[PDB]
Amino acid sequence: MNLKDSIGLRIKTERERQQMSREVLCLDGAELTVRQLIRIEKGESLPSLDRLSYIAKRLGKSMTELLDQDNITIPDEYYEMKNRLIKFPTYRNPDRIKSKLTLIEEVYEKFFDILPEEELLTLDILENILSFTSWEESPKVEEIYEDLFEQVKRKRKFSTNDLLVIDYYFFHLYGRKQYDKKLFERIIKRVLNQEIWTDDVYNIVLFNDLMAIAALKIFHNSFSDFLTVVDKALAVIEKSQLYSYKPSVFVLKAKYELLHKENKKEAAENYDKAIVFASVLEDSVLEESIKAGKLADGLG
């Protein structure tokens with residue numbers, strides 16, 4: 001009997017001894033949903049610290065009592081590998097030897113039996129992030145993402161994990177003409193209000209989120225708050241010194257001048273700053289790509 005089975009059985013056993021329905025325990029779903037609790041009690045999922053804290057409080061127990069002998073401590077090495085996955089650099093500035101593929105398999109081989117549901121979803125998102133179209137793969141995943149996104153849309157302060165879930169939501173909006181604009185607007189507002197501090201990992205996820213929002217706004221021809229987005233992206237870049245990201249921001253400005261301000265001259269100038277920065281960063285693939293971008297937009 002593994003960790004998940006033990007904790008799950010303990011929790012279900014205690015809940016049923018109090019004759020508490022799943023719905024009663026889960027309340028409004030903000031901290032735990034019925035399907036989450038079900039996966040925990042079937043030992044399909046391990047609870048996280050937050051979950052366990054909620055469950056213990058609801059049942060009137062202590063976390064120690066629900067844990068018994070079992071240990072759910074997640075080793076620092078996992079968080080280091082996750083951080084390295086998030087900060088994973090382009091193939092033009094490779095760090096050391098290991099691929100993302102290798103790091104992900106290594107994270108599973110070392111830590112799978114002790115990873116809670118949220119971390120696993122975060123990992124699936126990271127794995128598939130550079131190519132989210134290449135991913136339309138699980139009913140189980142959509143089911144897990146859906147409740148976690150339900151929870152996310154109640155929060156005012158986001159975590160790293162929250163933001164990765166939000167990035168996957170943005171991907172849900174991809175290529176879609178019909179969508180809930182009110183939800184998208186609330187999400188955007190809340191992302192834009194997140195504090196920028198000294199966590200580079202967080203700041204990276206926030207950045208990629210901002211790019212996704214900009215892209216979506218370009219696709220929707222909705223340029224309200226676009227410069228708010230751009231400025232926030234730039235504030236991130238400055239705070240964590242992510243200068244390899246800066247040309248793409250200038251490209252965004254270009255697009256804004258082009259498709260909204262319709263100022264081909266400024267558009268062209270922004271492209272030129274992007275090209276020059278890439279050039280003087282010596283990512284030549286990026287430079288060439290941006291030049292081709294300027295031609296593509298008719299500013300050649």
Side-chain angles (χ1 to χ4, degrees), residues 4 8 22-23 26-52 54-55 74 78-79 82 85-86 88 100 104 107-108 111-112 114-191 194 201-202 204-213 215-216 219:
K4 289 169 194 175
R22 295 184 170 113
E23 285 76 18
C26 288
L27 300 172
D28 68 355
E31 300 204 49
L32 185 75
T33 66
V34 166
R35 292 187 291 177
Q36 282 162 6
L37 181 52
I38 286 175
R39 283 186 300 270
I40 287 171
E41 291 179 346
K42 290 170 53 183
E44 291 179 10
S45 289
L46 181 74
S48 72
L49 188 66
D50 293 336
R51 302 284 197 233
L52 196 72
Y54 175 72
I55 291 168
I74 304 173
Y78 164 80
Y79 291 114
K82 183 199 188 184
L85 275 159
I86 288 170
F88 210 90
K100 273 182 83 171
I104 288 175
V107 166
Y108 289 135
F111 302 110
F112 181 75
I114 54 155
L115 289 176
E117 183 170 283
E118 303 100 305
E119 292 297 327
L120 291 183
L121 175 81
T122 277
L123 293 165
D124 277 299
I125 281 165
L126 293 175
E127 182 174 349
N128 291 282
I129 205 178
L130 286 175
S131 59
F132 272 145
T133 311
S134 304
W135 201 38
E136 305 179 353
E137 274 71 291
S138 202
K140 188 188 294 180
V141 170
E142 186 66 23
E143 181 179 33
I144 292 174
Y145 153 79
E146 169 175 75
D147 283 336
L148 273 163
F149 181 50
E150 280 318 297
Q151 290 161 328
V152 170
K153 71 183 61 167
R154 288 177 64 85
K155 303 175 177 172
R156 292 184 288 265
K157 186 173 101 169
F158 299 133
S159 73
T160 296
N161 282 344
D162 292 337
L163 292 184
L164 289 163
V165 170
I166 294 169
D167 196 73
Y168 192 48
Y169 155 64
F170 292 156
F171 176 64
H172 276 75
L173 301 188
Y174 189 85
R176 291 278 286 166
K177 273 82 175 189
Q178 71 167 12
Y179 66 98
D180 185 333
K181 301 183 183 287
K182 294 177 172 296
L183 176 61
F184 185 55
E185 287 312 314
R186 295 192 294 276
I187 298 306
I188 290 171
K189 184 175 174 184
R190 279 164 172 161
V191 168
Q194 297 315 285
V201 175
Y202 182 85
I204 285 181
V205 183
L206 177 56
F207 183 88
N208 297 326
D209 272 359
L210 295 174
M211 299 304 114
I213 292 170
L216 273 165
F219 174 66

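Below, all heavy atoms of this structure are taken into account, side chains as well, without hydrogens, waters or symmetry copies. Each residue takes its place number in the sequence, starting with 1.
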Quiz item: For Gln151 and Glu118, does a side-chain donor sit closer than 3.5 Å to a side-chain acceptor?
Solution: no
Quiz prompt | Over all atoms of both residues, closest heavy-atom pair of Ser159 and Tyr202 | solution = C-CE1, 3.7 Å
Quiz prompt | Closest approach of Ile40 to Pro47 (non-hydrogen atoms, all atoms of both residues) | solution = CD1-CB, 3.9 Å
Side chain to side chain contact (heavy atoms under 4.5 Å, CB included) partners of [X], counting only residues at least two apart:
X      : answer
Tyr79  : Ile74
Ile114 : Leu3, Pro75, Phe111
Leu120 : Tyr108, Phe112, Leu115, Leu123
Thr133 : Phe171, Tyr174

Self-check item: From CD1 (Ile187) to CD1 (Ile166), nearest 0.5 Å
Solution: 5.5 Å
Self-check item: Atom pair CD/CD of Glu117 and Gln36 - distance to nearest 0.5 Å
Solution: 5.5 Å
Mind checking whether [X] and [Y] have side chains closer than 4.5 Å, heavy atoms only?
X      : Y      : answer
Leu126 : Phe88  : no
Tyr168 : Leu148 : no
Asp50  : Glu31  : no
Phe184 : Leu216 : yes
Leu37  : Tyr54  : no

Exercise. Could you list the residues that satisfy side chain to side chain donor-acceptor pair (under 3.5 Å) with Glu185, not counting sequence neighbours?
Key: none
Sequence-distant partners of [X], salt bridge (charged side-chain N to carboxylate O under 4.0 Å, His left out), two or more places apart:
X      : answer
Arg190 : none
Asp28  : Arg154
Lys100 : none

Practice problem: If a pair satisfies ring-ring contact (aromatic ring centres under 6.0 Å, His included) and one of its residues is in residues 26-50, list it, with sequence neighbours excluded. | Solution: none
Exercise. May I have all residue pairs that pass salt bridge (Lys or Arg N to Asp or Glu O under 4.0 Å) and include part of residues 119-132, sequence neighbours excluded?
Key: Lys82-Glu119
Quiz item: Any salt bridge (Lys or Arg N to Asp or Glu O under 4.0 Å) pairs touching residues 157-172, not counting sequence neighbours?
Solution: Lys155-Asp162
Quiz item: For atom NZ of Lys42, is the number of surrounding heavy atoms from other residues, nucleotides or ligands below 6.0 Å larger than 12?
Solution: no
Self-check item: Pairwise side-chain hydrogen bond (donor to acceptor under 3.5 Å, both in side chains) hits with a residue in residues 137-150, at least two apart
Solution: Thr33-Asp147, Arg35-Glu146, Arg35-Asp147, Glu142-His172, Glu150-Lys153
Exercise. Test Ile125 against every option in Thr122, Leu121, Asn128 by the side chain to side chain contact (heavy atoms under 4.5 Å, CB included) rule and name the one that passes.
Key: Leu121
Quiz item: Between the side chain of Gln194 and the main-chain N/O of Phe158, is any donor-acceptor distance below 3.5 Å?
Solution: yes
Practice problem: Would you check, one step at a time, whether the test side-chain contact (heavy atoms from CB on, under 4.5 Å) holds for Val152 with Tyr169? | Solution: CA-CA 10 Å; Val152 170; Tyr169 155 64; over 6 Å; no
